[PDB]
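Undergrad: Residue numbers (the authors' numbering), protein chains in the order written: chain A, 1 to 219; chain A', 1 to 219; chain B, 1 to 212; chain C, 22 to 124. A prime marks a further copy of an entry chain.
Cβ coordinates follow ideal geometry from the N, Cα and C atoms, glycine included.
My questions will all concern the structure given below.
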Ligand SMILES: CCCCCCCCCO
Ligand SMILES: [K+]
Ligand SMILES: [K+]
Ligand SMILES: [K+]
């Protein structure tokens, strides 16, 4: 089961601060250290700092402008990272990881996407992508979902609640006029659809929404 | 006397495995380590691994794909190397060497030539090479032996069971249509032949054959 | 602090070949180097610890070696699922540091794109907007062009394209091309066509649909 | 049992506790110090053993004030414990020599 739980996203206005959380489950020792790692888009992993919850002591990457402050609540097994006075340079995915005091990060959180922007949150509109009436078909058929007008990143798109993974492509979002847009593709044997239902599930963490859109043939 | 005894050759089909052996004689200590070294044609020596027979512990070159497993039979003073799932990359001469726990290989085996091929084993045909009737001669005369149609390598060619070493050239084999061929040259004082007999001894390990071919003047 | 150098930054290998990633430390760190794998949009995953120690759950294909300043992560017989970024990390001296990463690329056989064109949804039209989506899926090499034509006439305005990274399922690439128009702009045209020009064919792959 | 054996046993148990607490405290003190090596528990425990025994291979050592203070407690605990076992052995021999002599 998931050892480290992190919120999917956080939208922050320039100059403001946010507190990321990392809830741990699984074996817990007085000797565990919780680390935080930053990853900007297209870039590598950057170590930010660490904390030992049982004592409350924290250490930080001294080589970079100090934007973080680490704390921990022992009773709820949660570690926190306070990021303050942010700029677009602070926009990135922030991972928390558990180290058993022996040097390597045995397990990682899913990461929290932090977006520093003045723009407002906006849930996505999910539209079906079913073939036109004149489209011919082989042994396989391609369907999809249009996810547009949302902000900020990210969205998680699954097909049939995750049971359908093979034959799936989710394309990177494009930013235009403060809104993102992406589509997801799914391919199943042509014979199996529509007899067998195909639905995409779209989750958008920043707006706390998750919607389903069943894909049916055009009239 | 020969301290380390290894079989001359082993033919292995692609995907199959073979167990090389290294029988030790001479002083034996509980502290000896038996090493295995690989040498591909035209290349250097590559350390594969080591084992201490008295305990059964083995260490391996971690830097290369692991093809070997080392074991040892204390009662017969033999060390073994199991090579599994071979490809042509595994074709080479494999030496075993003895180290007295002080870092250097004091003595080496003769090496086992391993050939990874689908081809079948084939003993060589040994033909005489005596001068034609119109050939003139000085104080020395050159004779020889043709060794063709054999597989796999190698063959050991000696003259007069080893008693004749001076004036001997054995040329590298040429591979053509899954068969090797080479010739050996020998030069003796012209006055000494045919009064004194000249015979080449050809040994082919893979086929367990060793044949002699006496060289006499053409009619 | 310890600088961990990973070069080359990108490694291209053919299917089933042994591959080796390099990680070099600015000073001797014994064997205190660990390797992580990070697939697209996934979190890092520990592969090897202390240079050569196995992690349960990780395929035998992965192995590590080295000590001092030079380390190597190897994969025997690379396959599509191995497409990812690879990072080394040291724990010899404080603070812990990460290498800059090496991306693994697999060179598979050429593959023509599977093109699908999609008409705007009724739900979307109902909101006064119209997006025509075209998928150019599972092709290789990644170089490709899509051209839009409305009523036989090429269109460039209103088009946004997106390319996936090499797919960890089959080593191919995919691309989406979206032409967005107002319900009106869409109402005054008959046929919409998507054309893909790819190395696999001298002739374009064309897909179209008529508004009625 | 006699005092000297009890003190030795106690000193041993106490030494072991200082080695464990010391390994843990050394890591807490040293992380945050650039260049420090005494930062993972397994090698710190090894370090605590080499400190209590004064073997001094020289492969690991504290660079911070508190890591050094922790080191001093481990050294003193180690030197004292081994000194106390020696004193216990001497007491044992003195008593035995008394017996062997008729006193
Ligand atoms: C002798 C007791 C020392 C306690 C270790 C202190 C660690 C925190 C210093 O930053
Ligand atoms: K000493
Ligand atoms: K010393
Ligand atoms: K002493």
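Pick helix, strand or coil for residue 184 of chain A, following the three-state DSSP scheme.
TA: In the structure shown, residue 184 of chain A sits in a strand (DSSP, three-state: E or B).
Undergrad: When every heavy atom of ligand 3 is checked, does at least one fall within less than 7 Å of the C-beta of residue 44 of chain A?
TA: Incorrect: residue 44 of chain A has no Cβ contact closer than 7 Å to ligand 3.
Undergrad: Could you tell me which uninterrupted beta strand (DSSP E) segments, each at least 3 residues in length, are contained entirely in the region 138-178 of chain A', listed from first to last along the chain?
TA: Counting only runs of 3 or more, we get 140-150, 156-159, 168-170 and 174-176.
Undergrad: Please list the terminal residues of the continuous beta strand (DSSP E) segment that includes residue 118 of chain C.
TA: Not the beta strand (DSSP E): residue 118 of chain C falls in the alpha helix (DSSP H), residues 86-121.
Undergrad: Is the beta carbon of residue 60 of chain C sitting closer than 8 Å to the one on residue 71 of chain C?
TA: Not a contact, by the Cβ cut-off of 8 Å.
Undergrad: Going by DSSP in three states, residue 31 of chain C sits in which element: helix, strand or coil?
TA: DSSP places residue 31 of chain C in helix when its eight states are reduced to three.
Undergrad: For my contact list, residue 168 of chain A and residue 186 of chain A are in at a C-beta cut-off of 8 Å; report their separation, rounded to the angstrom.
TA: About 5 Å separates the two Cβ atoms, so the contact holds.
Undergrad: Would you list the one or two residues that DSSP bridges to residue 107 of chain A?
TA: A:98.
Undergrad: Taking buried to mean at least 16 other C-beta atoms within 10 Å of its own C-beta, is residue 148 of chain A buried or exposed?
TA: Burial call: buried.
Undergrad: Can you list the residues of chain C that residue 102 of chain A reaches, using a CB-CB cut of under 8 Å?
TA: Result: 61, 62 and 63.
Undergrad: Just reading off the alpha helix (DSSP H) that residue 216 of chain A' is part of, what are its end residues?
TA: Run containing residue 216 of chain A': none; DSSP gives neither H nor E here.
Undergrad: Counting contacts by CB-CB distance shorter than 8 Å, is residue 93 of chain B in contact with chain C?
TA: Closer than 8 Å: yes.
Undergrad: According to DSSP, simplified to helix, strand and coil, what is residue 72 of chain C?
TA: In this structure, residue 72 of chain C counts as helix in the three-state DSSP scheme.
Undergrad: Pick out the complete beta strand (DSSP E) segments inside the region 45-99 of chain B, 3 residues or longer, and give them in chain order.
TA: Complete beta strand (DSSP E) runs here, min 3: 45-49, 62-67, 70-75 and 85-90.
Undergrad: Assuming the contact rule is C-beta atoms closer than 8 Å, residue 72 of chain A' and residue 51 of chain A' should be a hit. Round their C-beta distance to whole Å, please.
TA: Rounded, the Cβ-Cβ distance is 6 Å, consistent with contact.
Undergrad: Could you give the first and the last residue of the continuous alpha helix (DSSP H) run that contains residue 38 of chain A'?
TA: Here residue 38 of chain A' belongs to no alpha helix (DSSP H); instead the beta strand (DSSP E) covers 33-39.
Undergrad: Determine the direct distance from the alpha carbon of residue 36 of chain A' to that of residue 121 of chain A', and round the result to whole angstroms.
TA: Residue 121 of chain A' and residue 36 of chain A': Cα-Cα distance of roughly 25 Å.
Undergrad: Is residue 87 of chain C near ligand 1, judged by its Cβ being under 7 Å from some heavy atom?
TA: Checking every heavy atom of ligand 1 against the Cβ of residue 87 of chain C, one is found closer than 7 Å.
Undergrad: Should residue 39 of chain A' be flagged as near chain B, meaning a C-beta pair shorter than 8 Å?
TA: It does not: the Cβ of residue 39 of chain A' has no partner Cβ on chain B nearer than 8 Å.
Undergrad: Inspect the CB distances between the region 26-39 of chain B and the region 85-96 of chain B and report whether three or more fall short of 8 Å.
TA: Touching, yes.
Undergrad: Quick one: residues in its chain with C-beta nearer than 6 Å to the C-beta of residue 65 of chain C, no 5 flanking neighbours on either side, listed in chain order?
TA: The answer, listed in chain order, is 44, 47, 48 and 59.
Undergrad: Closer than 8 Å, CB to CB, is residue 54 of chain B near chain A' or not?
TA: Chain A' contact via Cβ: absent.
Undergrad: Would the beta-carbon of residue 79 of chain C be found less than 7 Å away from any heavy atom of ligand 3?
TA: Checking every heavy atom of ligand 3 against the Cβ of residue 79 of chain C, one is found closer than 7 Å.
Undergrad: Provide the residue span of the beta strand (DSSP E) that contains residue 66 of chain A, from first to last.
TA: Counting along the chain, residue 66 of chain A falls outside any beta strand (DSSP E), and DSSP gives it neither H nor E.
Undergrad: Interface residues of chain B around residue 71 of chain C at Cβ under 8 Å?
TA: Going along chain B, no residue has its Cβ under 8 Å from residue 71 of chain C, so there is no contact; the nearest lies around 16 Å.
Undergrad: Have a look at the DSSP bridge pairing and note the partners of residue 148 of chain B.
TA: DSSP output for residue 148 of chain B lists B:155 and B:194 as bridge partner(s).
Undergrad: Could you tell me if residue 29 of chain A' is buried or exposed, where buried requires 16 or more neighbouring beta carbons within 10 angstroms of its beta carbon?
TA: Counting Cβ neighbours within 10 Å, residue 29 of chain A' comes out exposed, since fewer than 16 surround it.
Undergrad: Please check if any C-beta of chain A' sits within less than 8 Å of the C-beta of residue 157 of chain B.
TA: Not one chain A' Cβ lies under 8 Å of residue 157 of chain B.
Undergrad: How far does the alpha helix (DSSP H) with residue 122 of chain B in it extend, from its first residue to its last?
TA: Where residue 122 of chain B is concerned, the enclosing alpha helix (DSSP H) stretches over 122-125.
Undergrad: Work out the CA separation of residue 68 of chain A and residue 80 of chain A for me, nearest whole Å.
TA: Spanning the two alpha carbons is a distance of roughly 10 Å.
Undergrad: In the DSSP output, what is residue 37 of chain C paired with across the bridge?
TA: According to DSSP, which records beta bridges pairwise, residue 37 of chain C is partnered with nothing at all.
Undergrad: Under 7 Å from any heavy atom of ligand 1, does the C-beta of residue 49 of chain C make it?
TA: Yes - ligand 1 has a heavy atom lying nearer than 7 Å to the Cβ of residue 49 of chain C.
Undergrad: Less than 8 Å between the CB atoms is what I'm expecting for residue 209 of chain B and residue 92 of chain A, so what's the real figure, rounded?
TA: Not confirmed; about 41 Å, so no contact.
Undergrad: For a test of the three-state rule: what should DSSP assign to residue 124 of chain C, helix, strand or coil?
TA: Residue 124 of chain C falls in the coil class under three-state DSSP.
Undergrad: For residue 52 of chain C, return the contacting residues in chain B, with the cut-off set at a CB-CB distance below 7 Å.
TA: Per Cβ cutoff of 7 Å: 94.
Undergrad: Taking residue 200 of chain A and residue 157 of chain A to be in contact with their CB atoms under 8 Å, please state how far apart those CB atoms are, rounded to whole angstroms.
TA: Contact flag correct, Cβ pair sits at about 6 Å.
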